[PDB]
Amino acid sequence: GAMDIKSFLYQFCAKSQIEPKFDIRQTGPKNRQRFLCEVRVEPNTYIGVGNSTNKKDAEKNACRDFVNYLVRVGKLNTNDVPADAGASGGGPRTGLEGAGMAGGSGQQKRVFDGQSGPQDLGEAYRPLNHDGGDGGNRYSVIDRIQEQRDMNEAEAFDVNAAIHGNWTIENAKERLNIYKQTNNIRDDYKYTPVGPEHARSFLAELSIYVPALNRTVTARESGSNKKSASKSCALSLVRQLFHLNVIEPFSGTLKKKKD
């Protein structure tokens with residue numbers, strides 16, 4: 001009902017009332033057998049060669065083969081050419097090649113500090129320590145031991161204090177504390193340290209800061225001790241403050257007089 005590739009060659013030559021002449025040579029290889037179907041066809045300028053193991057299928061090969069020329073000469077049609085996919089192993093891979101790596105570093109970055117040597121004029125002006133205290137002395141709260149006669153008695157004589165106004169040495173110090181507190185002035189005994197044993201002594205000059213009477217009242221005295229210098233320094237100020245004529249008069253109750 002349908003035509004075969006071998007049938008096409010028959011119908012080709014059939015127009016001349018002939019058919020393709022088949023010369024099928026049985027060639028014997030070592031592996032098996034092979035029928036080489038060489039076909040004699042009109043314009044025989046090319047011989048169609050089909051190679052199959054058996055004669056039966058060699059007829060198929062020969063006809064299929066010669067069609068490649070038959071269609072190229074335009075004598076037969078490309079519709080007659082069997083492109084059948086019955087066999088496998090005919091599609092290869094193309095292959096993709098084209099890789100490329102790269103990478104520059106760029107070590108252009110070289111810098112400098114541009115620093116100059118630091119000079120030090122600051123160590124020549126090293127900071128100093130200062131004591132900031134209100135004067136925690138404030139013994140203005142002790143009365144019961146201030147009624148003591150023996151303090152004055154030990155210090156010296158009332159007969160000399162009388163000419164000052166009953167003013168003795170250490171009794172004047174707390175009164176000075178009150179002068180500074182009332183005048184709201186800030187000062188302190190300049191305790192000037194003297195050399196060691198070779199010159200074992202201590203100096204202490206005290207000043208009253210310019211009072212409401214705008215005057216300069218200060219005294220510079222010495223002692224055998226830092227605290228003892230502060231004794232003489234305060235007693236001498238009694239006359240200097242008497243220049244302003246300002247101080248609450250003292251009163252000593254002489255109890256015993258030694259004949």
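Note that each Cβ is placed from the backbone with ideal geometry, even for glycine, and that neighbours are counted across all protein chains shown. What is reported rests on the model, the rules as stated and the sources as named; no laboratory read-out is quoted.
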**OP:** Select, from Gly165, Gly133, the only residue that is over 16 Å from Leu237 (Cα atoms) and not in a helix (DSSP H, G or I).
**Re:** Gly133
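Could you list all residues from segment 171-191 that are hydroxyl-bearing (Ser, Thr, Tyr) and loosely packed, with under 14 Cβ neighbours inside 10 Å? If you could, list the steps in order and put the result at the bottom.
Let us first name the residues in segment 171-191 that are hydroxyl-bearing (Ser, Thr, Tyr), namely 179, 182, 189, 191.
The one that is hydroxyl-bearing (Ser, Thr, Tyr) and loosely packed, with under 14 Cβ neighbours inside 10 Å: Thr182.
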Original post:
Which one of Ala154, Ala124, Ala102 is part of a loop (DSSP other than H, G, I, E, B) and of a type in the set (A, V, I, L, M)?
Top reply: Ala102
Subject >> Residue identified as farther than 19 Å from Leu237 by Cα and either acidic (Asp, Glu) or not assigned by CATH to the domain that holds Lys227 (or both) among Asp143, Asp158 >> reply: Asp143
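Looking for whichever is in a helix (DSSP H, G or I) and either free of Cβ contacts under 8 Å to residues at least 40 places away in the same chain or surrounded by 10 or more Cβ atoms within 10 Å (Cβ to Cβ) (or both) here; the options are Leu70, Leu96. Which one fits?
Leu70
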**OP:** Could you please find all residues in segment 141-170 being surrounded by 12 or more Cβ atoms within 10 Å (Cβ to Cβ) and over 19 Å from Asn245 (Cβ atoms)?
**Re:** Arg149, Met151, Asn152, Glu153, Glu155, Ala156, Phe157, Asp158, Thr168, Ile169, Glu170
Original post:
Looking at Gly195, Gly136, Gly117, which one is in the same structural domain as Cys233 (by CATH) and on the phi < 0 side of the Ramachandran plot?
Top reply: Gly195
Original post:
List pairs: first in segment 149-162 and over 11 Å from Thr253 (Cα atoms) and in contact (Cβ under 8 Å) with a residue 24 or more places away in the chain, second surrounded by 12 or more Cβ atoms within 10 Å (Cβ to Cβ) and not charged (D, E, K, R), Cβ under 7 Å, 6+ apart or cross-chain?
Top reply: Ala161/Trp167; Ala161/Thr168; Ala161/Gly252
**OP:** Tally the residues that are closer than 15 Å to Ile5 by Cβ and surrounded by fewer than 20 Cβ atoms within 10 Å (Cβ to Cβ), restricting the search to segment 40-50.
**Re:** 1
